[PDB]
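Read through the structure below, which is laid out as structure tokens, and then see the notes.
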Amino acid sequence: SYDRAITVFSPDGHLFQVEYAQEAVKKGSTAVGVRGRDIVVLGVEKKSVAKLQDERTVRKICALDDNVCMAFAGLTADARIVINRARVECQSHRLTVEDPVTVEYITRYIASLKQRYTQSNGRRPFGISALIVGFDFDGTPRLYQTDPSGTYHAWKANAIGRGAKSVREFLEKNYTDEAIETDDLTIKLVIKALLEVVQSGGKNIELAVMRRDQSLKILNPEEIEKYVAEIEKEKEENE
Amino acid sequence: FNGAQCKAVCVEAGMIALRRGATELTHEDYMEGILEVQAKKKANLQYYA
Amino acid sequence: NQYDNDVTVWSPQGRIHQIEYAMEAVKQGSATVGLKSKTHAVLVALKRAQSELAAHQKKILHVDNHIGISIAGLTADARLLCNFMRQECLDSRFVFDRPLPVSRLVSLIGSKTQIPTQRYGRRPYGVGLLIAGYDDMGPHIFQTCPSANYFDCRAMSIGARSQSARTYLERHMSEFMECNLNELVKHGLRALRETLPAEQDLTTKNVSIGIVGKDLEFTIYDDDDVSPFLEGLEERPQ
Amino acid sequence: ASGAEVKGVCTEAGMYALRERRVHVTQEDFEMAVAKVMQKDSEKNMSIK
Amino acid sequence: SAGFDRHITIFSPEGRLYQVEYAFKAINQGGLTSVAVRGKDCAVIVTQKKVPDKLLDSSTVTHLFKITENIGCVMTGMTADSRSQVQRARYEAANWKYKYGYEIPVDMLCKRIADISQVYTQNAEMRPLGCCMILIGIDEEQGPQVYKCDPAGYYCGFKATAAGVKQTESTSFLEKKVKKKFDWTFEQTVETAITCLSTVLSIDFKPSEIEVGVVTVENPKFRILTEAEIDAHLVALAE
Amino acid sequence: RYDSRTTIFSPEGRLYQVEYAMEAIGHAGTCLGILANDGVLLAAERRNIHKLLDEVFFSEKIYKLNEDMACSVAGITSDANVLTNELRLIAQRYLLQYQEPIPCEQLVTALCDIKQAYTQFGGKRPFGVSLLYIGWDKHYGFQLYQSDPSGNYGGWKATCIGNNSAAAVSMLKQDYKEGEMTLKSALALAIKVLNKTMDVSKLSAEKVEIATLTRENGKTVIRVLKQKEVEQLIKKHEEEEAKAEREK
Amino acid sequence: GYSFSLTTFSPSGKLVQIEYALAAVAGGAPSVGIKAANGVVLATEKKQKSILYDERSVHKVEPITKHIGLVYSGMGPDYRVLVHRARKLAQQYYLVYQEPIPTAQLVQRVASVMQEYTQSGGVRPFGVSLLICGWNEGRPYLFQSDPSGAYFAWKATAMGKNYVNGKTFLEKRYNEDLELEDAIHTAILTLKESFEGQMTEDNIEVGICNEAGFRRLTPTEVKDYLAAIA
Amino acid sequence: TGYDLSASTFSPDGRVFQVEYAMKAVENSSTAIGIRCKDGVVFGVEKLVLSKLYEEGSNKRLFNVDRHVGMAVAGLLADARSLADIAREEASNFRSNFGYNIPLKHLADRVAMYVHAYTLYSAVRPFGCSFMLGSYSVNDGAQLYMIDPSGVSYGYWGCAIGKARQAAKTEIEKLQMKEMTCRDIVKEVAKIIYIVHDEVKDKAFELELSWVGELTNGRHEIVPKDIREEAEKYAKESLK
Amino acid sequence: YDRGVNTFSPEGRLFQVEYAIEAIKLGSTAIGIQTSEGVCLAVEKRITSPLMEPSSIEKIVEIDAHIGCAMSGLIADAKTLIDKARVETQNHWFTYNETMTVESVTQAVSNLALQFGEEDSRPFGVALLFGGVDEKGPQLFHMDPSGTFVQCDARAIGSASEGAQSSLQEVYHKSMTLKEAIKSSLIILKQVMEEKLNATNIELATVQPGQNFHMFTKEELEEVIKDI
């Protein structure tokens, strides 16, 4: 019983820092991710270019292997350390059994490390929640999410960061059965998610794709302008 | 116990006999007077197998 | 009251209240009674349950071919000291190829439990051991404490409301020494039936009896050699 | 300085003028008054930072 | 002030620390008086006993502790710290004799004891040895020496020396006494030691209370005096 | 309320010591580096300008770290020595392992991880020091980076130190340059920034410090320049102030 | 009641258990050191508490090598520990390089030692500020450190009681170019400015640093010089 | 007081309350005395049965560490058992490394350093024990020692540890200790234990007597107290 | 006060273990019933989103080919304990060529269910139900965070366990049959749950001595649901 420390329970059976460390994620930048049937795609919002510096270093979407893709929320330093560890874990797994690394094993690694990191004596838990997207077994699209407690939790679409309830609520009203594939409709689905974002500034949108066989492709802020134009065309056709 | 707890035994034994209400005091009246004055009820019990 | 928190801190009256709190934690265990004859040592405990469908938690557990223990208090420390007990048995069984005298074993138990009562970082062990054994000089009934002041007796009883059991031992410690096994065991449960409230009766499923003899190996029983021991009784004098 | 430290500078420079039996305030009265208020902050081997 | 309740060894404001200067009167819980005298090629220790009991012995009560065959010492304060410091001094003098091939000078031992007390002071979480040690010794090419060791770790060493309970007065008398430039022909030293303690305490007592520790440049062996010769000196100073 | 250690969180989830480390940063020396191709610069303000020093070190905030990289620094000064020795050791380990100069980004992330390991672990003092980066590589050319006690690092082209440099960043945005790689232009711009932002009347050269880094034919030399060109830079900038008062 | 102890920052300021250590340093014995053109002169202020104490036992001016002098203003028992550290460390340098260690390198490593002791959180820092000097490569140096692990370089400075007044006098009286003897004169002047007046061959203790090496002067030449030097 | 928590901190007057609280903890424990004669050392402990649950021969505070050295402890019993084990270990090491019997002063100094080290640090408490050490040697005679909870260890002729610490040595010192053999001192210790606290606060006590000296040829053991039965036939004559 | 695992109460007790028993209560419910025909077992999933894939959340895991499990409380402490049991079972088969019986499994788990210690970490926050078939027929086993392990004939855990045990003791006797116990359990489930019972809410795990393999029911559970 108190917000210190991590080790003792509440008198009604809670952990304060486990519950409180998710708030740092919940005040963090928004990053969504869906799975198609063949091409999986995701993206972050709030690029927030401050007019005088470069932004190629602030990239919140990366990869550990050619088959898996990353995202996170919360603070950036824990994401840096966890991904730098996870690359070496992926490569050590590759040094073992010669398969491409399954998404399930590396999510069990990351959440397990995060949890046994939390259980120890006075280590501040990683206030992040990762998005781990891959299509490995005959191109079966999978995306799991993490938690500061360290619970991998398999979804079909995902939304975190600021206002994640509303952004996930849009996918409730959007995600019918016949999404994909239909890759173009998955493209427009990512575009409608970016239009349903908390700010949807139009130029602060950064999205990355994976066709389950190719590499990670960073798009261009003219294709997305065409996507916003055809989405506004669909809104006018609704009228 | 103190003297007042024995007094509580005595009086609660009287009215436990008066739950029956018929006759004078019995030994079980004193027993149930004790069984009220005794606890402090625990009955907790757990982890001690 | 700010000094009543830790094991290391002496009280301004000199009484470590952590020890007495460990004693009170021991007092919330099950009832059990240990008593010996000149030739046979019998310890009898009481079982309890979580629910009606649930099983009964065992108390008497096996240790060695001539050593068996009762227990009251914590269960993790109980199995911890069980593992240590079995280890201390089989180590000298391996080295010296003899069964142990009981006294040096229980001194090892006290020296084991001293360090978690003096340094900081480990709590004292809530423990209720009653140990029956056979060295060259016959049966021994030892009892323990969280203060590691192990006591040798002829008849003891620890747990909840064990005082009536102690008075029964007072009024039959002259009688325990000469009798054979059967009425000795029914003296033991004529302590356990006073460790209960009188509005219920000691059943089969709630009791276990362990006999070790000078020629008899330590054996635990449950309902089946106990239904023979449960006959031969009268009712309580209501 | 603060606002009311400069006032103290001026008035105690006038005091410095009057202790030399004068009513006129030279610059050396200010040279003493600056040092009088200077005892607000001094003290280094504290650069660190 | 405090304020900080001075529990552990930290710096209090303006500017001091209180643990060691509470340990300065851990000597004063001893209830004892110690006097060292260096005037010429001899050196004299004197210190009383406090024995009220007839059931208590007399040989085992001595605070004159022979460190080595040419180094003796005397202790005040509480007895356990004193005896522990004595065994440490014995062990380190033996280490000197093993490593460097010759008998240790009296100064280096004081430096090592001061270093041990400073290390017990520098690092926390150990009680800092509230006992004061006074050493004497003969050195070649330097004559006699007297040194004092603090619990504070500040060793010093000088001619007329005293520590214990009542030695502000003893140092006052030795300021008034070692200012005249007389020679010190060893009975002068015995007389000044006995009379300075006999003016501080003003008891003028039996030869059974004080212990006299001497070392002289005619036999550099440390020497403890006997009842008969203590009585001989006492009636020799009786005028 | 929920103060005591660096670890664990305060319930927001916010932090205590990262914020207080930045507020420890703000009361320190001001530095900057500028947008420049074919070279890059560093500026620094002299703390403790008392007359009884020696200045025989030639470098007080600048540390020519490997060959082609220097670093300004700001904050608690002994922790800067602690980090700079280790950072030289990291760069020299990289050179030992590969016989290639370190391409500066993994160097920056390595130092950020060194700082971050003291952010998570407990109970340790995190480094209350931000510090700059200039350097050259085989992959991007001249570079600029901003280290932070959080372990976050920013790739800038015009950098930021604390309360004495927020107005400097405001002038850097309002007087932003792009396209001019002429180093003397950026040096005049930095002279203007330290002229306004530092409270030094008329910008005495003993209170300033300027270091540059140019690419010369294979060598990538680092120029800790001397005082006389600083003097004529001051005269040039004050002639530009006369040009500014031509509108009166 | 905060800071307490060594693991956290303040809400806005600096480290209180460094500031108080500096306060205990400033509450120490006065001293002065002056870098001249040819040598550097160190001198202290050493008054015994009584007339009982001996002045051939404890020594303030202490050599680290044959060409490096070092004094302090603070607490002796910590002073000896860090000096012994510097002794062993300079000998390790002379093991590795077979060459006498430069004073800047000593200041680097001693500063690293002291900063390591200011690292969190179980020991206190030193109550010791140093004055390191030596005639390395012709040009002499003068390096003052502090319990925070930092260091400086002075022309002339002081440490102890009334160090601000001694610093104003060294700002006033001293200048860049003097000799060793003139530096000795103004050093005894700025020491006698703030000490008690009863100053003999024993109350002060002076070591100099020639280009011929370190030299720790004797009371013979001290009473030869300080017998009403002005 | 307050200021009384850890064993490493001092007080504003300069003593350690943990040592003091550990000292007066043994004050509540049972009375244990000791006295030597001209050719031996006699121990004796007032030991109490709880009510009716003991066995008269359990948990005896008269230990026996060495062939000629044994303890007469009082205080916390398990702490005394642990300290007895450390004493046995030290005597074993001396016998291993030097090949003869441990002198009692050296043993007492090592045990006193062990006690003192357990008074030094803050993670452990001071011991709650106070005990005796007796010995005999043909080249050393009888030596009787005494160890407080702090670690101040020195010698006596006689001692008492318990409630009646003063009230025993009130009349121990009127014993003519030098001219008597220890067989007289047996019934002396019997009358000393028997005079203090016959029936007052508690109900019943029980006597043990340890015994070392020239008569045992260097052995240390409990007397055959039942043989010659020195207490009760003198105890019934000591009530008048 | 009570502030840590290294301090008793004036009356008992931990006072950390108590808060772990309190932290049992937050979880979803689960019910297992021992029948001599075989052990049946059930759980609630408590699905939040339609994006939340239902077969991904594990409640019944497979330790051995004839040993099931169910978890109640913190997911990751349970995952650690399942990991350790999966290791230890295999070591027992390794060193003995036989199946570790489920009571011995539970003794092995409860050896360090309380080995909690931060020096010389925290106690775990999950209660576990073990179902399996040893040589003595089927076994149903109930442990706790405190390691006080006992056998239970039909134990219910988690939230709303009180009326679950109440209506369970209402319906239970010793000689139940399989499908009757299955429907009797799912009646209690749809009495304690808040959502409409369907194919995604619950899942069953049935182990039999002649049907040792596949301790699971997949979409025939739909047919079992529609029979009520």
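The residue numbers of chain I are those assigned by Swiss-Prot, with the residues present covering 8-127, 134-241 sequentially.
Technique stated in the header: electron microscopy, 4.2 Å.
Including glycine, each Cβ sits where the backbone N, Cα and C put it.
Here is what Swiss-Prot records for this protein:
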MOD_RES   I:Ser16  phosphoserine
MOD_RES   I:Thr55  phosphothreonine
MOD_RES   I:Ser56  phosphoserine
MOD_RES   I:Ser63  phosphoserine
CARBOHYD  I:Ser198  O-linked glycosylation site
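Here I:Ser16 (phosphoserine) comes close to I:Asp9, I:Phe22: these same-chain residues lie at least six apart in sequence, with C-beta atoms under 8 angstroms from its C-beta. A straight line from the CA of I:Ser63 (phosphoserine) to the CA of I:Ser56 (phosphoserine) spans 13 Å. I:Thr55 (phosphothreonine) has a Cβ environment of 9 other Cβ atoms inside 10 Å. I:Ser56 (phosphoserine) and I:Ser198 (O-linked glycosylation site) are 26 Å apart (CA-CA, integer value). The Cβ of I:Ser56 (phosphoserine) has 14 neighbouring Cβ atoms from other residues within 10 Å, across all protein chains displayed. Scoring each of the recorded positions (I:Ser63, I:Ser198) by how many neighbouring Cβ atoms lie within 10 Å, the top position goes to I:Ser198.
Residues from the set of recorded positions I:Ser16, I:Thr55, I:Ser56, I:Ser63, I:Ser198 situated with their C-beta under 8 Å of a chain C C-beta: I:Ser16.
DSSP assigns I:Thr55 (phosphothreonine) to coil, not to a helix or a strand. Mapped onto three states, the DSSP output places I:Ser198 (O-linked glycosylation site) in helix.
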